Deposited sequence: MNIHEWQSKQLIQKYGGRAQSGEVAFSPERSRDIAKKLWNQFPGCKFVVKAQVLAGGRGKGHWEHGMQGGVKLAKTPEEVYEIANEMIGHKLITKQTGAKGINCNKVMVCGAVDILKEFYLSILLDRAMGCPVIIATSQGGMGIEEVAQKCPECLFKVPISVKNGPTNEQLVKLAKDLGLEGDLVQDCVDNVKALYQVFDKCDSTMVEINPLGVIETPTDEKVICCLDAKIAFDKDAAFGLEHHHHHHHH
């Protein structure tokens, strides 16, 4: 499986929208990324995301407390502080145990208004022998407590997804207006990645509805993981 930054760039290579930010291997560099971003959107806030091969970062904790592998920062100096407590230190989440996985890089992103967060993945379903799109706006828990809340769209491996399936899926997720077609185009892009890269899973957790700096609502992958 390829890292977050690399999957997102692959998704955007194929016409999808994703917040890949920029990766840093030192707190000095993390700060410089933030300072330069203030040239473009002055006053913006920042998000620092520990780049570790492990899930559930948002609710881990570090040696010196901290808590959470995804944290908001108001200034480049706050980016330095947070980054300095991530790089070269050990995060502890559910997927790691008391061991804790080491972190030697972070992702620095501009902070955006997140209006909605969905789960969406494109899986190779061996049983049926076809790709299947799995999405929900609420992943193993939701399927058991509310299986109806989960949508599974089998895909024709010769024709690919139909606009009918994708439009329905988008509306089933609660999207309206321009976000419906926006979601179709992004899901089409995710499928090309799935297909053209011979992936067994393209998982977007979360696929979000965010606001641009000028308040437009757009679909954007806020996380990405591609397996082969």
Exercise. Deposited sequence versus model: which ranges have no CA atoms?
Worked result: 1, 140 to 143, 234 to 250
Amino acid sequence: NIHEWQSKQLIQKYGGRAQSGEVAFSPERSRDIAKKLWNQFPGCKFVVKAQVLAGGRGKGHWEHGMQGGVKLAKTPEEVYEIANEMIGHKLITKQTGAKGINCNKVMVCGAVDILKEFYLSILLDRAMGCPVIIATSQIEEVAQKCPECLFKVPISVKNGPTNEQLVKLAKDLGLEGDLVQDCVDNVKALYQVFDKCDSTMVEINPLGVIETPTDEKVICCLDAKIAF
From here on, numbers count along this sequence of modelled residues.
Exercise. Averaging C-alpha B-factors over each stretch, which comes out higher, 67 to 75 or 94 to 102?
Worked result: 94 to 102
Problem set entry | Stretch exceeding the other in mean C-alpha B-factor - 110 to 118, 154 to 162 | 154 to 162
Exercise. Looking at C130, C149, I133, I82, which has the highest CA B-factor as recorded?
Worked result: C149
Problem set entry | CA B-factor placement of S26, once the chain's modelled residues are sorted into thirds | middle
Exercise. C-alpha B factor of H3, ranked within the chain: lowest, middle or highest third?
Worked result: highest
Exercise. Should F41 be placed in the lowest, middle or highest third of its chain by the C-alpha B factor in the entry?
Worked result: lowest
Seminar exercise, completed: The third of the chain into which the C-alpha temperature factor of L53 falls is the highest
For this session: Tell me, lowest, middle or highest third: where does the Cα B factor of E203 rank within its chain?
Result: lowest
